[PDB]
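Right, one structure below, let's go through it.
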There are 6 protein chains.
Amino acid sequence: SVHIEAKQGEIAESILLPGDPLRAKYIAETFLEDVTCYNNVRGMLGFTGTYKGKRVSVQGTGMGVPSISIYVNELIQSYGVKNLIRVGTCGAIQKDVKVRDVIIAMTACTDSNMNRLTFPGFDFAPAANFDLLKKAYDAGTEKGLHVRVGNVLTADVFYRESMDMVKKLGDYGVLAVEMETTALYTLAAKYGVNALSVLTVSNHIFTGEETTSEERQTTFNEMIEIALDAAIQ
Amino acid sequence: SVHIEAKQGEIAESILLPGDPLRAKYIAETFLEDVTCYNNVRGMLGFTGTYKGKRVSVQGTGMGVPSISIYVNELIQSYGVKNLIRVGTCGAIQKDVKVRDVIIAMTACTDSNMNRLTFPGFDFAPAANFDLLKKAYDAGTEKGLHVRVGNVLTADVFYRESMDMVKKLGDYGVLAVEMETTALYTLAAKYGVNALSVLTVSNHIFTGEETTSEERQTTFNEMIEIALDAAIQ
Amino acid sequence: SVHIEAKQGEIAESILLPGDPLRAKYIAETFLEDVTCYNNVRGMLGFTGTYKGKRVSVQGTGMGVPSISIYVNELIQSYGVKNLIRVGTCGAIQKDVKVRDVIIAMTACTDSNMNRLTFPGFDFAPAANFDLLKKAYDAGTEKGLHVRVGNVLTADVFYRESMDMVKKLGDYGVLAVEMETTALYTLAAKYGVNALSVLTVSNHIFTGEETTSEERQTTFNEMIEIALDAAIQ
Amino acid sequence: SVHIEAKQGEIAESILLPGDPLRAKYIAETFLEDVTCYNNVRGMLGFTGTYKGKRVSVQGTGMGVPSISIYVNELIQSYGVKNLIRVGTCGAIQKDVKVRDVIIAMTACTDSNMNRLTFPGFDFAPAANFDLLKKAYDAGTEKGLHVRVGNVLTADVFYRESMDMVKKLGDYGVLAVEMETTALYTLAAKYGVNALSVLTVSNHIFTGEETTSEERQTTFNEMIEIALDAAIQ
Amino acid sequence: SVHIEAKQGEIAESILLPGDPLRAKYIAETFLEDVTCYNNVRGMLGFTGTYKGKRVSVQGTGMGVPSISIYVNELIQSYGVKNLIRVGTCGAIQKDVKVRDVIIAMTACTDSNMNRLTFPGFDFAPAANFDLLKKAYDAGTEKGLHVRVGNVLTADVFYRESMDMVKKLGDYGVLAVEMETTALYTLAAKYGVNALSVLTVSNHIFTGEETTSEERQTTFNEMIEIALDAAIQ
Amino acid sequence: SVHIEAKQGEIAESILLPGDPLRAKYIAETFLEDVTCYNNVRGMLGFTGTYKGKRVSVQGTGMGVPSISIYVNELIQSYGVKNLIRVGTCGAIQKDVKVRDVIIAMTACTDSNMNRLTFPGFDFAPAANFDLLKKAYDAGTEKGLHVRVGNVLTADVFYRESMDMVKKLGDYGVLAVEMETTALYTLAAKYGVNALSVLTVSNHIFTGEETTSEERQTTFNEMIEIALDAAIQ
Ligand SMILES: Nc1ncnc2c1ncn2[C@@H]1O[C@H](CO)[C@@H](O)[C@H]1O
Ligand SMILES: Nc1ncnc2c1ncn2[C@@H]1O[C@H](CO)[C@@H](O)[C@H]1O
Ligand SMILES: Nc1ncnc2c1ncn2[C@@H]1O[C@H](CO)[C@@H](O)[C@H]1O
Ligand SMILES: Nc1ncnc2c1ncn2[C@@H]1O[C@H](CO)[C@@H](O)[C@H]1O
Ligand SMILES: Nc1ncnc2c1ncn2[C@@H]1O[C@H](CO)[C@@H](O)[C@H]1O
Ligand SMILES: Nc1ncnc2c1ncn2[C@@H]1O[C@H](CO)[C@@H](O)[C@H]1O
């Protein structure tokens with residue numbers, strides 16, 4: 001496809017979608033066997049391998065609705081991908097959401113215009129695939145993680161001049177901010193395929209708490225395991 | 001409160017919210033014991049009784065976002081209600097959704113302006129309480145119903161001049177149309193309480209299939225049972 | 001029709017539209033002769049009788065744009081209704097508007113999205129039928145009421161978190177808040193029929209003054225008389 | 001003021017507002033006595049004189065919401081004007097509205113953003129002063145004119161690429177198109193003063209019928225007479 | 001055309017567009033030879049003459065997007081005009097922009113709805129013709145003027161209740177406020193012809209500095225010279 | 001900063017901003033001397049070196065408004081960058097724009113919501129720094145390139161379901177589509193620094209013409225040279 005140099009058949013039907021291509025590399029090297037790298041266009045690494053005997057892929061998406069939309073469109077339309085699980089990070093809005101919690105997004109709010117252009121006059125609420133959601137929830141519960149299922153904000157702007165509206169969204173139960181889920185869920189629904197976002201809380205937006213990858217590595221690894229485990233079902 | 005004549009303490013902390021006040025009466029008479037009627041203002045019947053030994057209420061909401069918003073605000077703010085389950089009907093958009101299916105709304109799309117006014121420039125995605133959702137899903141699965149968990153449209157207009165956008169929403173996975181869920185979910189989130197909508201598909205919007213209450217009574221009764229059963233947990 | 005169980009011909013061509021179905025009952029019992037009740041679906045009472053020898057009906061609408069839109073569509077399209085007069089209550093915004101004043105709405109502002117969806121990019125100003133307006137104005141003037149003709153707000157939200165915008169509308173001459181007129185006027189114009197809203201001020205939104213039905217009964221009765229009197233012309 | 005060179009007191013409290021400054025000149029020369037010209041800034045002629053013994057003024061506004069807004073703000077805020085009657089032309093949308101009809105605008109629709117900026121999320125419906133409206137209606141009825149009271153469109157664009165939305169507005173009862181009324185009515189309401197628009201239909205937008213000033217001069221003169229006659233009351 | 005009484009061929013292919021028709025007269029009398037006046041409809045003076053031997057015209061536009069849009073549509077579509085240079089005034093927002101500076105607008109921001117109606121969901125950025133822009137810039141630089149090339153605001157409202165957003169636009173580099181450029185640039189682009197706006201700063205919006213025409217006459221004359229000089233190339 | 005691991009002082013005040021980090025590497029290796037790599041976070045390569053003796057940097061941005069906004073905010077606010085030139089590719093809309101043309105964006109249209117959120121009710125037109133624009137234009141003209149200066153579309157969606165609006169923008173003179181310029185120009189203006197986008201046309205959106213990097217390498221190299229050459233001035 002335009003942004004992926006893989007041949008037909010090189011990408012598995014189940015795929016994990018980290019934002020960071022170097023996390024795709026980490027995931028492939030850490031969890032998968034019989035790995036190949038099928039893409040390096042724009043440095044946006046993608047790999048296919050095997051996990052507990054089942055083929056699965058992992059593809060960086062970049063940051064933001066427009067970037068992930070490019071990759072998700074191509075994966076679905078050109079490579080026949082059927083199950084897409086974003087595995088990423090997010091920033092907690094609410095005090096009761098803690099760093100290292102795992103959030104499974106039921107739906108996402110957004111300040112993107114992408115859906116207003118498609119459905120003029122409507123608020124489109126992008127929805128996770130429930131069967132994937134339940135599988136991931138059950139796996140995370142069994143794994144011993146703190147798992148929160150709820151609403152997130154998909155933001156276009158990481159650096160917002162005022163966080164007043166983000167605070168207000170927190171007062172309406174929104175758990176955390178990230179930059180991709182609306183697009184993944186909307187496009188998966190458009191094409192009749194299955195999507196989910198499983199997120200590690202890496203920072204808290206108002207307290208200023210932050211982590212390095214190493215400082216959340218054990219939680220992150222466990223989260224990747226549940227995302228894979230849902231995928232292989 | 002302005003629209004409910006009940007005394008403090010007369011309304012239980014768990015409440016079912018049919019749109020039709022005569023369905024509130026049917027639910028109270030059919031399922032509850034030790035019933036009183038606490039409201040007849042505007043004919044919008046409300047009752048409190050006991051189900052399997054646990055106090056529970058049932059309150060008509062009327063049709064549309066503005067009507068249900070009035071009742072939900074008053075129930076939460078004046079009567080201390082904590083768990084609110086809308087029990088209603090909806091019209092299927094998709095061919096694969098069948099009359100007599102039970103839909104549990106994860107989230108809702110809308111053509112209402114209510115949330116655009118609150119969050120200018122954002123799409124707010126109203127979310128069910130996951131713990132109530134899971135309880136209802138598990139109960140419905142055990143009860144032997146066809147249960148679908150997904151997205152609905154909360155419409156302001158029942159009689160729409162063109163159904164083009166409703167069809168398009170169906171192509172993006174939206175299951176059915178109804179007229180209340182966005183408001184219930186948004187206000188419950190605002191006030192930190194728990195909400196869910198459990199819906200019976202009573203009509204199919206493009207095929208023209210329709211039912212009378214009697215023609216869906218067994219399914220409807222089973223749906224009320226799961227809504228109660230979730231409530232009493 | 002879907003929400004009205006009347007046979008063809010049972011509803012008169014002129015109809016009064018209170019929001020409260022119990023007010024429809026009061027109006028029929030108090031003013032009309034040879035009364036029948038043609039609807040009890042959803043408790044939304046409707047009656048037909050005679051006033052000064054002329055057939056006229058009265059139909060509850062419920063609260064909010066979506067509810068009244070359902071009933072008005074059905075009355076016009078399925079029952080051939082030609083003259084529709086909402087008779088309701090409203091909350092004064094301005095200090096110079098007093099409780100027990102009668103407001104005849106020339107037009108209505110709104111926070112509903114209903115007309116933005118129909119006329120994207122435009123502000124649609126819904127207009128009363130002038131000939132009905134003049135008849136009601138002349139009748140109210142003769143009856144000795146305080147009658148104000150002007151602008152109202154049709155609100156989707158009764159419980160608004162901030163009343164700043166309602167205050168601002170008052171500073172631009174808007175007289176009072178209610179929850180139905182935009183829909184009635186827009187749909188009547190769509191179908192080429194005649195509509196008017198005649199409202200009793202029952203509360204003042206910033207002073208906190210409020211009334212019971214009994215406390216405004218004489219004014220309300222006189223208002224119903226002028227609404228009927230316009231109708232029978 | 002910035003756009004009017006008159007001294008304080010030179011402009012009367014009642015004023016007619018044609019769009020064309022040369023029509024202001026025609027009105028002053030044809031109907032008024034003891035006339036002075038108080039403004040020629042930008043060629044936007046303004047005059048004060050006497051009609052049936054009462055002082056009255058006439059001020060060109062130019063075309064469009066932004067132009068009339070400048071003049072109306074200055075007249076109200078700097079010159080203390082209290083009664084403002086636009087006297088202009090319009091293009092009929094509906095077949096049943098005829099060239100040479102006089103339309104008295106109750107309210108106006110618009111494609112301008114002026115009120116959306118002031119009342120974000122709301123449709124503001126600008127309203128005529130009813131007492132001026134009634135006076136003009138009664139005077140026009142007595143004068144023997146065809147007078148229509150209703151809704152108009154205040155357009156920003158005279159040359160619209162598609163007239164689809166204008167046709168649709170006609171199907172919702174909107175009588176004619178012009179380019180000033182929303183602004184006049186909104187600003188008069190803002191400042192607590194009295195406004196009305198009295199319009200001659202000079203063209204029909206879909207049939208292509210058009211007139212010269214001479215071809216509508218008798219109707220136009222009679223319309224000016226009723227506008228003055230209302231003003232002097 | 002509807003608003004211009006000129007015969008075909010009486011208007012030159014290059015035209016200057018002051019907002020004030022009396023400035024059109026001043027420009028024609030001061031700079032042009034062999035002058036005729038081709039329009040006095042609505043007092044909106046237009047002239048054709050010769051400058052350094054080349055035919056050129058000058059046409060008042062009035063104030064605001066809707067007024068200039070009328071004239072620009074007619075000039076382009078009915079009179080075959082190819083090069084259109086607005087020559088006007090503006091109000092500085094930024095402290096670093098000085099009265100008597102000449103601003104050449106690269107593009108324009110707006111609070112008009114004109115382009116949102118044409119391109120729903122998009123921000124359209126109207127662009128100057130670069131070749132005209134460069135010619136005017138080079139001529140102004142040679143003439144010894146202070147020339148600033150940048151962004152302006154095309155406002156619908158001269159009298160804005162709050163200038164907060166205008167200040168904010170200044171903080172994002174917007175140089176000055178005026179009331180026509182968006183329309184000129186958008187329509188010229190639509191029809192494939194060449195437009196530019198060359199503006200004299202006549203007032204500073206926050207400091208209150210203001211000028212009479214006489215107080216900026218030398219700068220204004222030099223600006224007209226560069227606008228002509230670009231035109232005749 | 002959060003997404004760049006460079007120490008203070010490691011990034012030069014002038015920077016080129018390709019979307020593709022592998023193009024940043026190509027630019028550094030091909031044109032610069034004394035090169036270091038200061039960032040590999042998320043694979044988003046950044047380098048500093050010397051060109052004709054002057055320090056300059058090159059930093060990948062990723063694709064889309066949200067991605068470039070992250071990097072531009074950090075470069076300006078944390079690293080003190082003053083001159084930012086995006087060097088990228090774009091897709092021609094118009095037939096008269098050819099593959100291998102170089103487009104210098106004066107301004108950009110967008111379907112992003114980023115500026116509507118910042119300036120509610122306004123269309124913000126993001127503007128290039130004119131002095132950088134002129135330098136690049138003069139350098140490209142001297143270099144013998146086909147250089148077009150004009151308007152572009154900054155799109156959020158690469159894969160748009162209908163290209164109707166993109167075609168319409170082409171009919172209003174918009175030259176090409178890309179995915180970053182609105183953000184770069186808006187943020188540079190916000191912070192008072194200098195930005196420009198210099199683009200190679202790599203594909204034609206309606207004809208289907210496309211190129212590989214090798215197939216446009218000579219043009220691309222010349223474009224990089226002019227971007228550098230402007231930068232070092
Ligand atoms: N506080 C935050 N705000 C926005 N995005 C965040 C935040 N924390 C983590 N992310 C995620 O990391 C990237 C931005 O650093 C995005 O891909 C986004 O999903
Ligand atoms: N097809 C439908 N469209 C809209 N609302 C529906 C439909 N079917 C059932 N409903 C529900 O029933 C009422 C409208 O008849 C509303 O309360 C709504 O939730
Ligand atoms: N203050 C108020 N705000 C909104 N609606 C009101 C108010 N007072 C009376 N109403 C009317 O009564 C109902 C809400 O109580 C609605 O039908 C509405 O028209
Ligand atoms: N068909 C029309 N469309 C828009 N404005 C019109 C029309 N006919 C008359 N007008 C009026 O005349 C001017 C435009 O020619 C405006 O001031 C406007 O109010
Ligand atoms: N401060 C200002 N605000 C708006 N328009 C201005 C200003 N100064 C000059 N103008 C120009 O002059 C007219 C308004 O006085 C308009 O045509 C406009 O372009
Ligand atoms: N046809 C196109 N549509 C959108 N972006 C494009 C196109 N061609 C090149 N681009 C650029 O390349 C990337 C998308 O492939 C974006 O960074 C964008 O700026």
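In listed order, ligands and their atoms are each counted from 1. Residue numbering restarts at 1 for every chain, and letters A, B, ... go by the order of the sequence lines. Below, each value reflects all heavy atoms present in this structure, side chains not excepted, and no hydrogens, waters or symmetry copies.
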Students often mix this up, so state it plainly: with edges at 30° and 60°, are the rings of F:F220 and F:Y26 parallel, tilted or perpendicular? tilted
Tell me yes or no: between the side chains of F:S202 and F:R216, is some donor less than 3.5 Å from an acceptor? no
Output yes when a side-chain donor or acceptor of F:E209 lies under 3.5 Å from a complementary backbone atom of F:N203, and no otherwise. no
Side-chain donor-acceptor pair present, C:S197, C:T181, cut-off under 3.5 Å: yes
Do B:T182 and B:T154 meet the criterion of a side-chain donor-acceptor pair at a distance under 3.5 Å? yes
Return the protein residues near ligand 3 (heavy atom under 4.0 Å from any of its atoms), ordered by chain and residue number. B:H3, B:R42, C:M63, C:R86, C:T89, C:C90, C:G91, C:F158, C:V177, C:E178, C:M179, C:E180, C:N203, C:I205
Do C:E74 and B:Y159 get their side chains close enough for a donor-acceptor pair, meaning under 3.5 Å? yes
